[PDB]
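*Asks:* Starting off with a structure, shown below.
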Amino acid sequence: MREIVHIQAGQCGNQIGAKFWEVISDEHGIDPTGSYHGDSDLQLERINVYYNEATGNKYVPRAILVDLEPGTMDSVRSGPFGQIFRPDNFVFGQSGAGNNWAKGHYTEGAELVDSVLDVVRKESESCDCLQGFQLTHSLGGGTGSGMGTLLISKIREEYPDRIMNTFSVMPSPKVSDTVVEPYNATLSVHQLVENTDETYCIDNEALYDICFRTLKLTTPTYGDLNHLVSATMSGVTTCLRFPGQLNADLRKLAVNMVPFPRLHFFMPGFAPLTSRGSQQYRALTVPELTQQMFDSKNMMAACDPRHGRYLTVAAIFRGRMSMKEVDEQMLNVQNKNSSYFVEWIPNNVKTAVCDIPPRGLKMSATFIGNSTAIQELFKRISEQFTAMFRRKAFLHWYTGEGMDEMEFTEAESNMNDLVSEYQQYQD
Amino acid sequence: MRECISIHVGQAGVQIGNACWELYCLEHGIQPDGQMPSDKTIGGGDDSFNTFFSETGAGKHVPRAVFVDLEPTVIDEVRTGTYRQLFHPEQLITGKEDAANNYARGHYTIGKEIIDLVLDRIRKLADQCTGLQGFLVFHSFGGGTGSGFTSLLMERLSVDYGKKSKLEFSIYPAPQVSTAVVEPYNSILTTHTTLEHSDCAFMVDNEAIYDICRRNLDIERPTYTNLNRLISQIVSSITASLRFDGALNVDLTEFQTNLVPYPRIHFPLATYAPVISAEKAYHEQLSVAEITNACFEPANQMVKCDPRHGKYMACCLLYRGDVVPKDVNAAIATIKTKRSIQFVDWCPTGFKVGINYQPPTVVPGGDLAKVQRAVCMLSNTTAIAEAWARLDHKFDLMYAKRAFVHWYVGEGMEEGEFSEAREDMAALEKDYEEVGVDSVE
Amino acid sequence: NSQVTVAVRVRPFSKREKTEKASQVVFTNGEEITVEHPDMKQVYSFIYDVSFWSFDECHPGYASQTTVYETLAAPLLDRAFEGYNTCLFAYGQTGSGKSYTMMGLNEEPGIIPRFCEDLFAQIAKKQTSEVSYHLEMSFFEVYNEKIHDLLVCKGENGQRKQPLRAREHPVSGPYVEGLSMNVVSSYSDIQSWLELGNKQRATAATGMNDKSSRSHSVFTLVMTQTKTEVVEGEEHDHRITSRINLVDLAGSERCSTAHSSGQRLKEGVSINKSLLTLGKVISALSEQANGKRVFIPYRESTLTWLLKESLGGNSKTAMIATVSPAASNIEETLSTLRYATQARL
Ligand SMILES: CC(=O)O[C@H]1C(=O)[C@@]2(C)[C@H]([C@H](OC(=O)c3ccccc3)[C@]3(O)C[C@H](OC(=O)[C@H](O)[C@@H](NC(=O)c4ccccc4)c4ccccc4)C(C)=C1C3(C)C)[C@]1(OC(C)=O)CO[C@@H]1C[C@@H]2O
Ligand SMILES: Nc1nc2c(ncn2[C@@H]2O[C@H](COP(=O)(O)OP(=O)(O)OP(=O)(O)O)[C@@H](O)[C@H]2O)c(=O)[nH]1
Ligand SMILES: Nc1nc2c(ncn2[C@@H]2O[C@H](COP(=O)(O)OP(=O)(O)O)[C@@H](O)[C@H]2O)c(=O)[nH]1
Ligand SMILES: [Mg+2]
């Protein structure tokens, strides 16, 4: 069977995974004891896609938690859904990163990565046919960027035939939740694009705008933000777990959504989203979901596709629905909004359908899009970056830990070349 | 005595098989447990006809087919579903990984490890048969298993068996609609390998059946359970002369002799005119003339190819139910009388006829109605070149930039093969231009 | 400005094939190179900017080993004396006589020795008490996108093959960290280095022949012009540098026909990826010469990323492709022609 290993690094990845597992357990019927209390039987057919088995008909996930300070791991443990994780996989150390991408990539990250690989090998060798890996990590920060990229580099050499996904939380335009966003994110991108297959570029301003406009919430906490990313992560790996009319999986999307290898930076999206009151005055059909998905007030990438041409698009729907509706509405989208699509690719869209939806919805949908808009996420960084690097603002905290100025100009040129690569297909 | 092995490669082929082995098992009275309630009562007969279904001594009837998908999501619905006790447990559920919609994966990477078992099950059946004629290979352009793997299977069946029939039902790609972006690449790399080895490869389009369903049956929201049944009716009409008894029996060796003039133009189309609902089943006489005029009517064909944009070469017409040949004669006269239907200047005959006395059966929970008679038209045209060109333009537009190629080289496709295959499809697009010309004395 | 100067060379029959009676399938008409099957149906015709028809010694336009040099390389060496970097390529499956064309024989030299000797001869003619010419070299290889140096010896162990890494300088350009560079004043020096490099190179059998090549191999020459010129203090040595490159690529290897499995499959995959990227590079460069504005993806392969500053810019590139005229080898010969053709357009 196809099987995923879920690594998660840092204050973002731990807090995300602690809800993603709390979402998958609801879908497959697992409780905080690890025991099955479901109602149907399709929940056990492919539970080995994520979980492993135990003695007393319990299930334990394939989670690898790799922080560099226990302040967050001690929050998962003392939570609702923490007692199921394998205690030999709460990997961590001390002497935290301090939001220094060097401390988590050369000095205090190499002293712990081998311990992570000692778990990855155990959790891969005990799997029949691995499909790939996952990762949840925040650029700009420390451990999640550095140790995450190091784990990616050290996995891509041992398991290159497989898939490596990263649900990156990229930096945001307006407000900086960390002062060293560019200098870390640039070097994370420089290590991701050469050594990844599909990374999903999430941003937090977009999720604020979503939770405020659509869901009509006044107090959006991060437990509500991650609660979205989890849905997307489930929607991606749905046909790998449940059946449908037209199946799909990670590698099919990687073939269809990656024309050339460097261009695998996607905008995700989930539907249907609505307020607890405004659910009485909306219809549940394919075109409504499609309207909500192809709109810019749902994409988590913090970047408007209307500034760009779509290169390739995917859609993963879940529910007993018709195929003609999908194959008609997508054609209609390509016909009316042609200027937002390329021409040297005649069909820029694909579909996938499952027949087991989410716990409370008659039908759902999920959206992935490669777009030339996302250059603005990096064009900004290379603007934010060089203005600091033109006169070496914060650089002494990185040369001190075993680096050099060449390793910055490398990424600065790579990102700009990628911006050119994307701009080639804009006019 | 007259058997045909059905091979079902991919999700498409397997769902179509779930429809076909529902229709067939309803016809002959078989229950999904594999049993006959009639043979225990009357005490005789072979209505569970031995073309499709085998038989052991305990009073069971096992089919003559094998499934292969390179993924366990589909066949584990059969194993865990309604038809679990009928099939032999040797269905190939080699569910390591899909072909990633990559022809390279399903032709060398995951095309091995699965083939030398598939051939060791097609051979146990052929040694169980006495007068075998055919290999009905359901597959689907675009998919990786359905394209690489089907082509690989054709290469294996043309070396080991040889002087046999090897047919293909296939979902030709819709021109506008698509569930993938690299459908054309796989299609073109398939028709370069499924050409010298196959004998007659039928073709359909899901867009055409979608347009049929919402204009004949009055269904605005259909799905594959409402399409694969019509495909099953096509396959039943094609494979009825071997099961039941009628006046004019048309075997499977008669198609490739009458519809394939040259060995490279074996790509006909299929249609089935009565697709009317119970309400529309009344208010209409259902005579041979109406049907035979509907099978040539555009908007009832099963490929988005306006045949008025081209000429025909041959047309087989397999009928079912209460048909009298006098009416077929009158209808063919009426068709050859018209001018909108051009025929070639070297096939004035242009017709084969086949009749069977059995009516078609009604699947419960279905959309069609009960008919006293039914029809299936196989038709070879020079119109289908339009779609090969529409499919080649896409290939060229993407192979100029050379997109989606690093995934194919990553599994063992060099660089020449995309260029080499596309030069083999120009010859086929040129042959169709040759045959359309009228000769000179 | 950037040019590509594609060319093709057809070898004549070997003694092996003249005995075994190998058929003829490739013919010429001036700038047309046609490929006729034995009896199949039809013919393909290919146009190239340059063509070399070494089938018959008595045909017109016989392209001997001298005319191969006086039509492709010598412009690169009369352009490298100006101060520009140059890159000459090579592509052909084993048996088409790449080695006969580049290195050659003791009595029939290829391109390399004539090139180096014309160089060293022009030096002494072009040398004074103020002007000089210093030449250092290198010889490295690519294996599964991993760089490797060939001049240094390996120990008697499992392996001493250290995978050096590529880096980007902000001004000069990309380079390798740890690349040994040695000096030359006579061609015997370079011969003594290549006679060790090609021994240390990767090579193996898959299903057809025991001696093959499974790794790209670059041979670089750095050339300098330390000239002293000023009438104030006899200083201000205005020095110019030039980078010549003569790479020897590998076969493309349809894997199915060979049933590759293990440490051959990876190699074929990586080789074909490098070929595909190099194709895009050359095509987009030729399109850039016509005034367009496009993106050259050097970064998708180590070889191009280590030659960003030798192909693009005010440099010159060159390519000669080898093919056999026999009928036994016709699926591996049509590929070469289609490859170089797209490299031309
Ligand atoms: C009466 C009713 O329909 O309740 C709905 C509901 O009100 C709405 C608003 C639900 C509700 O979700 C939210 O309001 C919400 C939105 C953003 C962040 C946090 C919460 C709901 O809470 C969420 C919940 O979502 C689900 O469908 C699954 O239960 C959900 N499971 C979980 O996320 C989960 C989390 C923790 C513990 C257990 C389960 C899910 C969704 C996608 C994939 C897997 C699981 C549902 C139907 C509802 C409620 C419960 C009100 C919606 O949920 C989703 C994910 O689509 C929000 O918009 C949809 C539309 C639903 O109508
Ligand atoms: N008519 C019909 N077509 C189908 C059905 N299921 C899939 N298809 C067609 O199949 C095409 C895609 O190929 P796949 O269904 O994936 O075939 P496959 O063998 O599974 O290929 P892989 O997914 O790569 O393994 C789509 O364009 C559909 O039109 C079906 O149930 N009925
Ligand atoms: N969505 C989300 N983002 C978070 C959360 N916690 C931190 N972040 C983001 O992560 C970044 C800070 O990096 P951090 O995780 O502290 O560095 P690390 O501990 O080394 O991984 C900021 O951009 C935050 O917006 C969370 O719970 N949810
Ligand atoms: Mg499939």
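The numbering of chain C matches Swiss-Prot: 391-735, in order.
Placement of Cβ uses the backbone N, Cα and C atoms for every residue, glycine included.
This is the feature table in Swiss-Prot:
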- C:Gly482, C:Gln483, C:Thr484, C:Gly485, C:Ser486, C:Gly487, C:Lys488, C:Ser489: ATP binding site (BINDING)
*Asks:* Comparing the binding-site residues C:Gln483, C:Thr484, C:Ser489, which residue's C-beta has the most other C-beta atoms within 10 angstroms in this structure?
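*Replies:* Sorting the candidates by Cβ neighbours within 10 Å, the top entry is C:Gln483.
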*Asks:* Quick check: which same-chain residues outside C:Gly482, C:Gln483, C:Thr484, C:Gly485, C:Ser486, C:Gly487, C:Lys488, C:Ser489 lie with their CB within 8 A of the centre of the ATP site CB atoms?
*Replies:* C:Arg401, C:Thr712, C:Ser714
*Asks:* May I ask which residues of the same chain, at least 6 positions away in sequence, place their Cβ under 8 angstroms from the Cβ of C:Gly487 (ATP binding site)?
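*Replies:* The list for C:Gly487 (ATP binding site) reads C:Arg399, C:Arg401, C:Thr712, C:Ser714, given in order along the sequence.
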*Asks:* Please identify, from the binding-site residues C:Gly482, C:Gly485, the residue with the sparsest Cβ neighbourhood, meaning fewest other Cβ atoms within 10 angstroms.
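*Replies:* Minimum Cβ neighbour count within 10 Å, taken over the binding-site residues C:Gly482, C:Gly485, occurs at C:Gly485.
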*Asks:* Translate the DSSP assignment of C:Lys488 (ATP binding site) into the three-state scheme.
*Replies:* helix
*Asks:* Under 8 Å Cβ to Cβ from C:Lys488 (ATP binding site), same chain, six or more residues apart: give me those in sequence order, or none if nothing qualifies.
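*Replies:* For C:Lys488 (ATP binding site), the qualifying residues are C:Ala480, C:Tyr481, C:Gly482, C:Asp638, C:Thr712.
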*Asks:* State the count of C-beta atoms found within 10 angstroms of the C-beta of C:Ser486 (ATP binding site), not counting that atom itself.
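*Replies:* Within a 10 Å radius of the Cβ of C:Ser486 (ATP binding site) lie 24 other Cβ atoms.
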*Asks:* Using DSSP reduced to three states, classify C:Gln483 (ATP binding site) as helix, strand or coil.
*Replies:* coil
